[PDB]
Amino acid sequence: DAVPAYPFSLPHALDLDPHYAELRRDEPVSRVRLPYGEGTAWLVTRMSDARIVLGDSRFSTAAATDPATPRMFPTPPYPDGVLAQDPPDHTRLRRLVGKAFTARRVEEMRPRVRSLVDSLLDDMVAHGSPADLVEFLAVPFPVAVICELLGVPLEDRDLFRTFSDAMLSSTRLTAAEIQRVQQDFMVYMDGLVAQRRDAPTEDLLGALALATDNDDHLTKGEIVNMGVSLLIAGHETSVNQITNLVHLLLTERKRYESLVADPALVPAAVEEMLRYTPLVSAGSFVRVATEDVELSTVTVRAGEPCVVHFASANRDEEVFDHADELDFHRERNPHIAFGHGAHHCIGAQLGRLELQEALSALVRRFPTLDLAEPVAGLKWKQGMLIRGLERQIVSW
C-alpha cells in the first residue's frame, strides 16, 4: 500500500526515531508494514494504548502463531512458546517456574550475585586498564547466574550463546537458518532435561523434568521451550543492558559522576535508564484483537493485529515530565521496560538485581571509569531484535 515499513529506519546507538514523537502527538495508533508475515498492523506509540494492548484478554498472542500474521522476525512464532500462550494456559505454564522469580527469592540471590561480580572485576583489575567491559563483566556475569539458576553447564556458554544470538535475529539471519537453530536448541534443552529422569536436581531444569512426568495439562514442547526461553532471556537481556546503561553513564559522564557521589541512587538510576533505553530495537511480539477494542483514537477490529514500541510508551510526555531527559531524581516511574499484563517479564526482579549489583560495584570501585574507545567506532549489534555493544573498552 502507501502504509510505511516498520521498523522506520536502521537503528542508531540507543537513539529513538523522531517519527515516534510525531506519531505520539498527532497519530498515536498508525498502520505499518512489518518486515515479515502478510498484511498491515497498528503500531502503538503511547502508554495508555500499550497498557490496553498488553493488558486486555480481547488481545491474543496465540492468534499471532499464524504465519500470515505480521511479525518483526523471520520465523513464524513457535506455537509452544510462552509468548504465544493466552491465559489461562499461559498462567499454568508460568506457575511451573514463577516461584524461582518472585522478588523475595530473587533478593535471596544478592549475596552469591555480588560475590560473582567482585570475582570478575578482580580478574579485570589483574589484566589492567584499558580492558573490554563486555569480555570481563557484561557477558560472564549474567551467563554464570542463569547457568547456576537453570542448571546449565558453564562449559556450554559458546554453544547456547550462538543459538541465542541466532534466535534474536531481525535481519541478520534467514527464516531457515533460525528454524534450524530453534530445532537444535529444542533438542539440546530436551537432552539436558532428560538427564534428570533418574537423577533429579535442585534447579529449574529440575522442576521442568518433574513436570514432564507429574503434570497432565502441559505438553513436553511447552515445558522444554520454557527452558530455552529462560536460557535466552536470562543472559541476552542483562548482557546488553549492562553495556547500554554503562554507555548512557560514560557519554554524558555527569550521570556516572552523580552515582559515584550517591551510590544509593543506583536502584533509581537503573529504573530511569530501563525507561530510557530501547533494549527491544523496534516493535514487539504481536497481539491480534479477538473482539473490537477501543484505543485512544481508533477501534481496532477483531482479527486486526497490533504491535507496541516499549521505548515509545516510556517517552509519553503525558506520563513522564521532561521525558526526552534522563532524571535519576524522578518522583514516579510507571515505565513498561518489562512489559505489562499476562506477559510482564518473569525475570524482571533478576534483571533489576543484576543491573543493580553491576553498576554499584563499578561506581564504588572504579570512580575513574571512562570510555577508552571513540563513540563513532562503537560496535553496536546489527540485525537483531535487541540493541547492545559487542565491545566496550574502558579505562580507569
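Don't overthink the numbering: it's just position in the shown sequence, from 1.
Stretches compared: 42-50, 328-336. Higher mean C-alpha B-factor in the entry: 328-336. Look at the mean CA B-factor for 380-388 and for 14-22 in the entry; the higher one is 14-22. When the C-alpha B factors of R196, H309, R301, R287 are read from the deposited coordinates, the top value falls at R196. When the C-alpha B-factors of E236, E222, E291, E257 are read from the PDB record, the largest value belongs to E257.
In this PDB entry, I242 carries a Cα temperature factor that places it within the lowest third of its chain's modelled residues. Per-chain ranking of the deposited C-alpha B factor places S360 in the highest third. In this PDB entry, the Cα temperature factor of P74 sits in the bottom third of its chain's modelled residues, the lowest group. Among all modelled residues in its chain, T368 ranks in the highest third by Cα B-factor.
In the PDB entry, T201 places in the highest third of its chain by CA B-factor.
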